[PDB]
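Asker: Starting off with a structure, shown below.
Chains as they are written, first to last, in the authors' numbering: chain A, 16 to 165; chain B, 16 to 165; chain C, 1 to 280; chain D, 1 to 56; chain E, 113 to 168.
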């Protein structure tokens, strides 16, 4: 949700990652969510959000997918439970967060499909809808952002 | 009234006053606009965006919110009827204007917290609410739009 | 000569003309002359920053498999901002008052220089507000030392934290109200017991400087070494502009005083900056 | 981003692109130069550590 | 170097490493501890227990 503030203006205002309660299958080993840099002391919406897929850092931190392009890794088996509040900039748990799903809804922007690359900025984008592909069941084409199912 | 043609910060799309008065099936007492002169197909498009507060000056001219000393331009519940025309293309506030004491919707919040005034731009930018004329109303709006009524 | 009443026709107009009729100016209430300045051109600044690190990694043997360590970073983009104000004045009022012209320009100028610093360093992150520094900086807390103790006591306690970083401090960046009370040393003697006892105020405590700024949040104090830690890029310097020839002066004779800057702020190493919040 | 986007409406920035300026980094104090350091060439070092000493 | 220094000072040894400042050391008798404030006095007091061990 927030593809309606998105369409190339992603990571402004409140965005969740969820429109429906996540599927089963707990993840074992707890860990924190933060999207900040040496602590989240970010309070209020806009700025860097923890929307997008995630990546494990030191395996003690999870954060948003903000790597380099090329050797990109597609789908992942969970998204973090929303702690999006106005005492935060997106999801960032100040306790340990434990995740779940078979994979769930995520947010994709760009002129790709459901899969892009990373420019070290939250979420994925990139062009080429014939060198990229839908994640999840059935073909879905991207034109203004949509919630793509892993 | 049209809401959600605004931009980030506390702002609402343009308000056409068709509700609670509508000149074209009645004619009352005209008087001059000492803001606005810009806009096509009836100017008034940068005289006011969503109808602030209109207050008579010297002689019979009315104008928008301006000043913070030596006769506050603006205030009272005497509002300028913008009639039915075109939304953000036919706002009347740069022409000779007929006012009443009745009308909706009346916007009175500028961008960010504080009772807004009107500059040279028709749209609203942010005053004070205790060092500027207050009409008995305080803005309880949070960032990003949401209706205000005088 | 002699008036008999508080009522005067004389009041409306100038009866004497001098360039001094009263005025104020502050140097200490702005964080921008304190830091170093350099120009930059570009609509924005791009930095790469380090993410959270748990820290630790002990040594292991050469008959046991070598330990590793990693760093994580997120990339950030900072857009430019414009801070500006206009103040609207009636020519008659202005001409007769006289020093009012100078004063209104200097105040609006000061007010813009405060508002640029206020957003960049502090504020919160909203839909019309930024906050660069405040987010990045590392935690430090007076509360560990004691919860409820004097304003003096906090400032002394605060100096020590900086050492940890390998600054060995420089100066403390405090809020104007807070600085006034600490200097005063209130605890309900209002005697000095955390500042030198022969003075009623001080400008060095621990042999380090105090910078008092009103562009910083209330009941917040920040130790950092301002010159290395941040730098101020200037797209445009602050300047007042004056226009008597626009829409509103045309309709009714009016004079506008214009005051503006276009700013950006650079962070060279902002995870050396410590923020502490006062309790008392 | 890192705080509200005011004008940038490009999120790509050419697969990353940044200009020459300071990159933030951690500096911490240490308990390592407190202890004395000296070099050694060998394959292992042997120490003696004191066990219980009977003053009886 | 920072992470090493952090681990090395505090806490009891692991099974891949030996010598950590915290392990090596002894406590102090009840005397060093006071019930009247004097930060200087505690640290001073500590030095004298340490002297018996023959610390310079």
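By construction, the Cβ of each residue, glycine as well, lies at the ideal position given by its N, Cα and C atoms.
Which chain D residues sit within Cβ distance under 7 angstroms of residue 129/C?
Answerer: Taking the first residue of the third chain as 1, we reach residue 129/C at position 129. What residue 129/C touches in chain D: 4.
Asker: At a Cβ threshold of 9 angstroms, is residue 93/C touching chain B?
Answerer: Mapped onto the third chain, residue 93/C falls at position 93. Closer than 9 angstroms: yes.
Asker: Are residue 57/B and residue 96/B touching if we call contact CB-CB under 9 angstroms?
Answerer: Position 42 of the second chain, counting from 1, holds the residue named residue 57/B. Position 81 of the second chain, counting from 1, holds the residue named residue 96/B. For residue 57/B and residue 96/B, no; Cβs fall outside 9 angstroms.
Asker: Can you check whether the CB of residue 47/C is closer than 9 angstroms to the CB of residue 18/D?
Answerer: Numbered from 1 along the fourth chain, position 18 holds the residue referred to as residue 18/D. Numbered from 1 along the third chain, position 47 holds the residue referred to as residue 47/C. Yes, they are a contact pair.
Asker: Whole beta strand (DSSP E) runs in the segment 39 to 83 of chain B with 3 or more residues, listed along the chain?
Answerer: Correct list: 45 to 48, 76 to 78.
Asker: Since residue 159/B meets chain A, which of its residues come closer than 8 angstroms, beta carbon to beta carbon?
Answerer: Looking up residue 159/B in the second chain gives position 144. Simply 28.
Asker: According to DSSP, residue 164/A sits in a beta bridge with which residue or residues?
Answerer: Position 149 of the first chain, counted from the start, is the residue given in the question as residue 164/A. Answer is 120/A, bridged to residue 164/A.
Asker: Would you kindly work out how many angstroms separate the C-alpha atoms of residue 16/A and residue 162/A, rounded to a whole number?
Answerer: Looking up residue 16/A in the first chain gives position 1. Looking up residue 162/A in the first chain gives position 147. So the alpha carbons of these two residues sit roughly 7 angstroms apart.
Asker: If the criterion is Cβ atoms closer than 9 angstroms, does the pair residue 157/A and residue 137/A meet it?
Answerer: Counting from 1 along the first chain, the entry for residue 157/A is found at position 142. Counting from 1 along the first chain, the entry for residue 137/A is found at position 122. No; because the gap between Cβ atoms is not below 9 angstroms, this pair is not in contact.
Asker: Kindly list, in the order they appear in chain E, the residues whose Cβ is closer than 7 angstroms to that of residue 28/D.
Answerer: Counting from one through the fourth chain, the residue named residue 28/D turns up at place 28. Correct list: 114.
Asker: Ends of the beta strand (DSSP E) at residue 151/E?
Answerer: Looking up residue 151/E in the fifth chain gives position 39. Taken as a continuous stretch (DSSP letters only), residue 151/E belongs to no beta strand (DSSP E), being part of the alpha helix (DSSP H) at 151 to 165.
Asker: Between the Cα of residue 72/A and the Cα atoms of 47/A, 145/A, 39/A, which residue gives the shortest distance?
Answerer: Along the first chain, one-based indexing puts residue 72/A at 57. It is 47/A whose Cα lies nearest to the Cα of residue 72/A.
Asker: Less than 9 angstroms between the beta carbons of residue 123/B and residue 93/B, yes or no?
Answerer: As a working mapping, residue 123/B is identified with position 108 in the second chain. As a working mapping, residue 93/B is identified with position 78 in the second chain. The answer is no: Cβ separation not under 9 angstroms.
Asker: Looking at chain E, is there any beta carbon in it that lies within less than 9 angstroms of the beta carbon of residue 55/C?
Answerer: Numbered from 1 along the third chain, position 55 holds the residue referred to as residue 55/C. Cβ-Cβ to chain E under 9 angstroms: yes for residue 55/C.
Asker: Using three-state DSSP, classify residue 107/C as helix, strand or coil.
Answerer: Taking the third chain and counting its residues from 1, the one referred to as residue 107/C is at position 107. Three-state result, residue 107/C: helix.
Asker: Would you mind listing the alpha helix (DSSP H) stretches within the segment 164 to 243 of chain C that are 4+ residues and don't spill past its ends, in chain order?
Answerer: Counting whole runs of 4 or more residues, the segment 164 to 243 of chain C contains the alpha helix (DSSP H) stretches 176 to 184, 226 to 229.
Asker: Is it a yes or a no for the segment 38 to 45 of chain C touching the segment 232 to 244 of chain C, going by three-plus beta-carbon pairs under 8 angstroms?
Answerer: Counting Cβ pairs under 8 angstroms, three or more are found: they touch.
Asker: Would you identify the three-state DSSP class for residue 79/C, choosing helix, strand or coil?
Answerer: The residue labelled residue 79/C in the question sits at position 79 within the third chain. Here residue 79/C sits in strand by DSSP.
Asker: Taking Cβ to Cβ, would you say residue 104/A is nearer than 9 angstroms to residue 33/A?
Answerer: On the first chain, position 89 is the one that residue 104/A refers to. On the first chain, position 18 is the one that residue 33/A refers to. No, they are not a contact pair.
Asker: Tell me whether the beta-carbon of residue 72/C lies closer than 9 angstroms to the beta-carbon of residue 76/A.
Answerer: Here the question's residue 72/C lines up with position 72 in the third chain. Here the question's residue 76/A lines up with position 61 in the first chain. Yes.
Asker: Assuming residue 114/C contacts residue 184/C (C-beta within less than 8 angstroms), just tell me the rounded distance between them.
Answerer: The residue labelled residue 114/C in the question sits at position 114 within the third chain. The residue labelled residue 184/C in the question sits at position 184 within the third chain. Rounded, the Cβ-Cβ distance is 24 angstroms, inconsistent with contact.
Asker: Determine the DSSP secondary structure at residue 73/C, reduced to helix, strand or coil.
Answerer: Working through the third chain from its first residue, we reach residue 73/C at position 73. Residue 73/C: strand per DSSP, three-state reduction.
Asker: What residue does the alpha helix (DSSP H) around residue 94/C start on, and which one ends it?
Answerer: Working through the third chain from its first residue, we reach residue 94/C at position 94. It spans 91 to 97 - the alpha helix (DSSP H) in which residue 94/C sits, taken as one unbroken run.
Asker: In terms of alpha-carbon separation, which member of 111/C, 104/C, 23/C lies closest to residue 83/C?
Answerer: Position 83 of the third chain holds residue 83/C. Looking at the Cα atoms, 111/C is the closest of the given residues.
Asker: With DSSP as the reference, label residue 147/E as helix, strand or coil.
Answerer: As a working note, residue 147/E is residue 35 in the fifth chain. Residue 147/E: coil per DSSP, three-state reduction.
Asker: Kindly indicate the opening and closing residues of the beta strand (DSSP E) around residue 37/C.
Answerer: What you label residue 37/C is simply residue 37 of the third chain in a count that begins at 1. Unbroken beta strand (DSSP E) run through residue 37/C: 37 to 39.
Asker: Measuring only between beta-carbons, confirm whether residue 46/C sits less than 9 angstroms from chain D.
Answerer: Counting from one through the third chain, the residue named residue 46/C turns up at place 46. Yes, contact with chain D.
Asker: Looking at the C-beta of residue 50/B, does it have a partner C-beta in chain C at a distance below 9 angstroms?
Answerer: Your numbering for residue 50/B matches position 35 in the second chain. Closer than 9 angstroms to some Cβ of chain C, the Cβ of residue 50/B qualifies, so yes.
Asker: Is there at least one Cβ from chain C nearer than 9 angstroms to residue 68/A's Cβ?
Answerer: Along the first chain, one-based indexing puts residue 68/A at 53. It does not: the Cβ of residue 68/A has no partner Cβ on chain C nearer than 9 angstroms.
Asker: Counting along the chain, where does the alpha helix (DSSP H) carrying residue 133/E start and finish?
Answerer: In the fifth chain, residue 133/E corresponds to position 21, counting from 1. 133 to 136 is the extent of the alpha helix (DSSP H) around residue 133/E.
Asker: Give me the Cα-Cα distance between residue 10/D and residue 16/D, rounded to the nearest whole angstrom.
Answerer: Against the fourth chain, residue 10/D aligns to sequence position 10. Against the fourth chain, residue 16/D aligns to sequence position 16. Roughly 11 angstroms separates the two Cα atoms.
Asker: Rounding to the nearest angstrom, what Cα-Cα distance links residue 34/C and residue 6/D in this structure?
Answerer: Indexing the third chain from 1 puts residue 34/C at position 34. Indexing the fourth chain from 1 puts residue 6/D at position 6. If I take the Cα positions, the gap works out to 26 angstroms.
Asker: Give the DSSP-derived three-state secondary structure of residue 262/C in the structure shown.
Answerer: Start at 1 with the first residue of the third chain, and residue 262/C comes out as number 262. Residue 262/C falls in the strand class under three-state DSSP.
Asker: At 7 angstroms on the CB atoms, spell out the chain D contacts of residue 62/A, in chain order.
Answerer: Against the first chain, residue 62/A aligns to sequence position 47. In chain order: 1, 2, 3, 4.
Asker: Can you look up residue 94/A in the DSSP assignment and give me helix, strand or coil?
Answerer: Numbered from its first residue, the first chain carries residue 94/A at position 79. Strand, per DSSP.
Asker: Please classify residue 142/B as buried or exposed, where buried requires at least 16 other C-beta atoms within 10 Å of its C-beta.
Answerer: As a first step, residue 142/B is located in the second chain; it is residue number 127 there, counting from the start. That one is buried.
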